Every structure is written in C-alpha cells, then in structure tokens.
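Student: Structure for this input, please:
(one chain, ligands or ions: 3)
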Amino acid sequence: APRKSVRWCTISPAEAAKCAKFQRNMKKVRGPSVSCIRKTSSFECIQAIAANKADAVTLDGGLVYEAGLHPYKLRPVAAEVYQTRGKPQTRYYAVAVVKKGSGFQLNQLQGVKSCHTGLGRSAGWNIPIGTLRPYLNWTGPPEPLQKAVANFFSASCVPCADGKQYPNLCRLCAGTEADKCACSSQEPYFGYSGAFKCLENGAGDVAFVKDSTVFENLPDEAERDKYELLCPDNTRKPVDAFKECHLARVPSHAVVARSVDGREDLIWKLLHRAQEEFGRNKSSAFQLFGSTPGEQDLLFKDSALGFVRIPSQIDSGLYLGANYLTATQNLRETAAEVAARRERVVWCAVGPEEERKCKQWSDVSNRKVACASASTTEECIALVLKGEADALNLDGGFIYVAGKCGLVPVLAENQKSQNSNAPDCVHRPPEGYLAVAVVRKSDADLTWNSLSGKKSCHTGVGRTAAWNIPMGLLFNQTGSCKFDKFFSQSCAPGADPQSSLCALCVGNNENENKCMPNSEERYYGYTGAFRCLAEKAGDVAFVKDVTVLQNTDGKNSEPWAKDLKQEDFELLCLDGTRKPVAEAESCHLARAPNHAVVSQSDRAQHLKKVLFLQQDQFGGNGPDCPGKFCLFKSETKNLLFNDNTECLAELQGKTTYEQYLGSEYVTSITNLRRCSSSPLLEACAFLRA
Ligand SMILES: OC[C@H]1O[C@H](O)[C@H](O)[C@@H](O)[C@@H]1O
Ligand SMILES: [Fe+3]
Ligand SMILES: [Fe+3]
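Tutor: Numbers count the residues shown, from 1 in each chain. Ligands and ions are numbered 1, 2, ... in the order given. What follows is the structure:
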C-alpha cells in the first residue's frame, strides 16, 4: 500500500540547506516526504537521477535538453510558471543587459567582457551564443565551441566552463580558491542574479540573463534606468521593453524525472502539496519560491508562481519545441549541415512501404527532399513538431490534430478532376470527396438502419471518410460513447489491439502487426477497408465513392481484386434507401475535405515552392512521371498521396485548419472528442497553452 519518498538532488550547501528546510516543513505539514541527495552540479544530478541515485531536479530549458539525450533519457514532469504581469507563462524571454553609456550594439560584442549565467543554459549560453555564431568565425565541432567564445570575449564568467583549457571563460568569475567558476551557487556569479551582479559590480559589460532578473534586483525605477537591453536589431531599448528587445523566448525550467519508473506520480503530489502549502504567500513558516540573499534560485526560481503538470507523451524534444531544438542542435552541427537542412524538405513517411517510396523520391530529386519515418501518423506529426520532419499529406481528420498543435495546411490534394483539365488543377477550387457506406448487393437485408451488431471495416480511427463521419452520425443516433459495442466486430487500424475494433484486422502477410494504423495492415486505408469488404471479413465498409470504382471491374488486378465488379456493390443512403455505387452523389454520408499537406507556418512558403517544382517534374503531368517517378502513383496502395491525385493545389484562402475543414466538421469532431481524446491532442493542449 505505502509509497516511498521523492529524492531531490541538490547542487550546493546552500541548496541542501534549503532542501532540508523543505523536508522539515513538509513533514511538519504531515504531507508527502522528501529526501535530499547532494551532488555538485545540475549536470551531475542528471546523471544521478538516471542511475536511480536520485529522482528529481529542476533544470533550465538548456539542460532539459541534455538530460533527454540518450544515455540519460529523462523527461520533464512539471514546468515552472512565471508572471511578469501578464498571464503567468511557461515561457520567458532571454535578454542581454548592459549599462547605459557603454555604446556597444549587439553586433559589436567582439572584445567585450561578458557575464553568463552558466554553460548550457538557455539565456546565459545557448541563445546568445547561437545569436553570435556568425561573428565567432568558428570552424564547427572539431573545434570546441568553448574555444571560440573564449577568443571572442576579452574575458567572461561562464560557470561550468573548463577554466583550465579555457581560463578566459572563467576569468571574470569571483570565487575562492576552487570555488571560482563553480557550477553551483558557490560561484557568486552563477545564475540569473549572479550574472547580473557580475554586470553591476563592473566585472563584465554585458549580462546575458532572464527578462525579470533586472526588476528582481533593482526594485526601483530610478536604478533600472541605469541599464538597457541590446536588441537583435542593433539598437538599445529600456529594460522594460524585453517584449520587443529579446534575443529569444524559451520554455520555462522544469522538473525532470526518469523516463521509466520515475515516479512521476510521487513527484507531482509532492509539488502540488508544496505550492498549496508554501507557494506564494500561502505560508510564513516556509516559502518554497524564496531563497537567501547571498545565493538566489535555490531548488526553484525565486518568485515562480508554481507548477503545471506536463502531460505523459511529452518528452524533452516536444517540450522544447522546434524553434529551440533547432538552435540548440545547431550549435553542435557544421554551417554546411545547418544550411543544408534549411534548404531541403524532410517528408515524414508513415510505415515501411511509404519510406520505400519516399526514398525513391529522395534519390530522384537529387535530395532536395529527404525522408523521416514513423509507425504512425501521430508520431509523424510529433516529428514535425520537434522539427525533425517538415511535412506530410494528411486526412481531414488529422488536419484537425495538426491544426490543434499549430500546424497549418500548405497545399491541398486535387483528385483527378472533371470540368476541364481547364486551369491546371493548381488553381482549381478543391472540391472534396464523398464519404460513403458500402455493402454487397448480395446482403440486401442490410440497411443503414440495420448496422447495429453487424461487422464493420474502417479506413482507420481518426480519419474522415471512415471513423469521424460514420461514428459522428451514429453517436447522434445512439448517444453512446461505447464505440466498441455498436458494431459486433470490426477492423479499424489504430484502436486498442484487444478491442472488438481490431477483431477483423489482418496485419501483414505473415499476420504480424495486426491493426497497426499504416500500410503494413493489409485491411488499412480506403483500399484496405474496401478489401475487408470484398474478402467478406466485414459486412459494411466506410470509404469514399471512388475507392470502389478503382478496385472493381479489373482496374486493380491484385488477386482479391481482379474479379470484382461495380455491379457487386451498392451504397447505404441515410434514408434507409440503397443506390448503385454510381448514385453516390445522391447517397452519401458526407462531403469531406480533400487531404492536405501541412507544415509549421514558418516552413510553409519554402515547402510550397519545393512542392510546386517536384510535382511539375513528377506530378500528374510529370515529364519524368512514367519515365522515372510519379509522385502520385503507387500501385493502388495510395502511398504518400492518393493514387488519383492530379496535383497539389492552392487553399483558396482557407489557410487555417478551421477555415479549411470548415465550421461543421470542426464542430462534429469536437463533439466526438467528448467521448474520446488522443494523447497527441492533449500534449498539444498544454504546449499551445
Ligand atoms: O464542400 C466540401 C469542402 O470541404 C472543405 O471546405 C474542403 O477544404 C474543400 O476541399 C471541400 O470542397
Ligand atoms: Fe535559464
Ligand atoms: Fe480520409
């Protein structure tokens, strides 16, 4: 029954002491028990924690990074909240503070004395240094970054730097014999306030710190007027203009724990009791977010409002975000490597068969396009959020998720026509596609109104034509969230492998990966769903009108296909009627949005350009299409894009997910969330929070 104690890892005597006071008062409140382990630097706790020597540590965005690096695989459990009179935030602006009358501008720091909060930290290192890389005139990795900064600045105080091989980096540092340049509050110039003092005491000419830090140390407008901020546009603005004069906006610091068996639950209860009991002004016996004057930010940043729990799937990469991840990864890559990724486009292939085709695409495009792969479509979207991939073609249903996580639709899939190949198709208004409900002419017993208890074949969960649209209309008729009980058995790749929704699914050829939501599951997709019907594994199939047409009458000559006929299948109309597959325009469940490519709003324009070219070269009218590669063909497996795609068109102004999917559907998708939500959906709720 009993659950043990959270072992918090401290980095210096001052920190231990605070921790002890923390344990003391916690037990006195008769709440969750704490324990204080002592190592000598945040870097060390990271190691301690992963080896089960400890359990938790607060870390600045920068260290969360390394903490998440392979050998350690730690993850952010709770993010600190800060308020500098707005909405408390889980982000903060990194700034560069200087005294007035110093003259520099951000592009003239060469030879200046500088004070950093510590090696590896967001505001104090990762961000300023990435901003000044263009002036370091640095080779890249072979050559230690520490070596450049050292030649760049006349002297500095960068706690945690090799004061041995690079003394220039530790030189301004005040500290006793070996306390000098310490990676703890032993070095008086460590941290936001440390770096600030190093500035006010006249040891350095520029302090690289947090937005609040000036206001924290100088409570009077008169004294702050003695200082300014260096804006990235080579001008200087007052200290309360950080909102305009910032080098960057990073994610708050965070409590990290092990990825496996980290006791996230223990840690959260502890912190929830702590805010409640010692948060801002709650108590007087102990203040969690306050420290001694000699040393600031002990255990947590002084004056933080409290914490917010970080959902489960979120790891350090997603927590930090693409913006941050790129700039940090970019301090460990060559100039050529950076510029190279910035000009290519990384597509995210979902599943083995897609990466194959993508690889063909890459080779054939002299690598203007590279690939990235995941087992699922959610994973791809995450990759895109971490910044490891640049885009992918998504179904309306997932354009919703992508949209809720901030991605925007770039171009849309225009199916092969019909009015005139008139324009090209690039300016044709996307006209969407009809979602239908298919069954065999044979079972004539069967009517929409009789699906109850019958077998179902879905393209996959989360998708428009299948799931979203039929389940949307059924939930309306039964008011029941138990989606796994309407149809007797079903195959819907993506569901709980032990639920009836995965009953009819078949996996690859050697019957492995049953129900997985990607090509490897043979009964996956429009094509897969329809087949689940033809092979009589299911009684009704949810797909689009065209899917039948493309696999009957011998068009698809795969064994199970070959013999089928437009004639063998009819659709179930909402009014209990039944029409031939051809009368779909008068017998559909809904009008869906064509699929669409999505990317971060940043990459959109470049993405477009590269795609207009790539499809002009291998598109539906691609000169080298039959010849060397057709981007829109894949042997009816609908890899990367639909096989009937003519071209990727313009959005006609519908540039946001809401605008693109449209009112209705967006709302319908939300009513369905009432029943079930996705972990990705939640992770994004927090990040976009
Ligand atoms: O009426 C259906 C329409 O739905 C959405 O607006 C799609 O973006 C569009 O392509 C489609 O024509
Ligand atoms: Fe920081
Ligand atoms: Fe779809």
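
Student: Dump stretch 624-644 to PDB, restricted to CA.
Tutor: C-alpha atoms of stretch 624-644 as PDB (Å, rounded to 0.1, in the frame of the first residue of the first chain):
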ATOM      1  CA  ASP A 624       9.500  12.200 -66.000                       C
ATOM      2  CA  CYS A 625       6.500  10.600 -64.400                       C
ATOM      3  CA  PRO A 626       6.000   7.300 -66.200                       C
ATOM      4  CA  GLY A 627       9.700   7.700 -67.000                       C
ATOM      5  CA  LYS A 628      11.500   7.900 -63.700                       C
ATOM      6  CA  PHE A 629       9.000   8.600 -60.800                       C
ATOM      7  CA  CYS A 630       5.300   9.500 -60.400                       C
ATOM      8  CA  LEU A 631       4.800  11.300 -57.200                       C
ATOM      9  CA  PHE A 632       1.100  10.500 -57.300                       C
ATOM     10  CA  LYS A 633       1.100   6.800 -58.100                       C
ATOM     11  CA  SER A 634       1.900   3.700 -56.100                       C
ATOM     12  CA  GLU A 635       0.100   0.600 -57.400                       C
ATOM     13  CA  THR A 636      -3.300   1.400 -55.600                       C
ATOM     14  CA  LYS A 637      -1.600   1.400 -52.200                       C
ATOM     15  CA  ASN A 638      -2.100   5.200 -52.000                       C
ATOM     16  CA  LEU A 639       1.400   5.700 -50.600                       C
ATOM     17  CA  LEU A 640       2.300   9.300 -49.600                       C
ATOM     18  CA  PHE A 641      -0.700  10.800 -51.500                       C
ATOM     19  CA  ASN A 642      -3.800   9.300 -53.100                       C
ATOM     20  CA  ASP A 643      -3.300   7.500 -56.400                       C
ATOM     21  CA  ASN A 644      -5.900   9.600 -58.100                       C
END
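
Student: buried stuff in it?
Tutor: Within stretch 624-644, the residues that qualify as buried are 625, 629-634, 636-644, counting by 16 or more other Cβ atoms under 10 Å. Bear in mind the C-beta positions are built from the backbone N, C-alpha and C, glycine included.

Student: Among the residues you listed, name the ones in strands.
Tutor: Using DSSP state E, no member of the buried residues of stretch 624-644 falls in strands.

Student: For residue 312, state which of the residues you listed is nearest.
Tutor: Nearest to residue 312 among these, counting by Cβ to Cβ, is residue 640 at 30.2 Å.

Student: follow-up on the earlier one: now, which of the buried residues of stretch 624-644 lie close to ligand 2?
Tutor: Checked against ligand 2 using Cβ under 5 Å from the ion, these yield no neighbours at all.

Student: of these, closest to ligand 1?
Tutor: residue 642 (13.2 Å; Cβ to the nearest ligand atom).

Student: Check which helices and strands the strand or helix carrying residue 208 sits against.
Tutor: Element membership for residue 208 (DSSP states H and E) is strand 206-210. If you count contacts as 3 or more Cβ pairs under 8 Å, 6 or more residues apart in numbering; DSSP states H and E, strand 206-210 packs onto strand 91-99, strand 113-116, helix 191-200.

Student: mind redoing it with 10 Å?
Tutor: strand 91-99, strand 113-116, helix 127-131, helix 191-200, helix 213-217, strand 227-231 (3 or more Cβ pairs under 10 Å, 6 or more residues apart in numbering; DSSP states H and E).

Student: closest to ligand 3 out of those?
Tutor: Proximity to ligand 3, assessed across the helices and strands packed on strand 206-210 by Cβ to the ion, is greatest for strand 91-99 (35.2 Å).

Student: For the closest one, C-alpha coordinates in PDB please.
Tutor: Backbone C-alpha positions of strand 91-99 (Å, rounded to 0.1, in the frame of the first residue of the first chain) are rendered in PDB as follows:
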ATOM      1  CA  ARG A  91       7.900  30.600 -21.300                       C
ATOM      2  CA  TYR A  92      10.200  33.500 -20.800                       C
ATOM      3  CA  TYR A  93      12.300  35.900 -22.900                       C
ATOM      4  CA  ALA A  94      16.100  35.700 -22.800                       C
ATOM      5  CA  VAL A  95      17.800  39.100 -22.900                       C
ATOM      6  CA  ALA A  96      21.100  40.900 -23.000                       C
ATOM      7  CA  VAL A  97      21.500  43.600 -20.300                       C
ATOM      8  CA  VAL A  98      24.100  46.400 -20.400                       C
ATOM      9  CA  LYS A  99      24.800  49.700 -18.600                       C
END
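
Student: And it, what's buried?
Tutor: So, applying 16+ other Cβ under 10 Å, buried residues of strand 91-99: 92-98.
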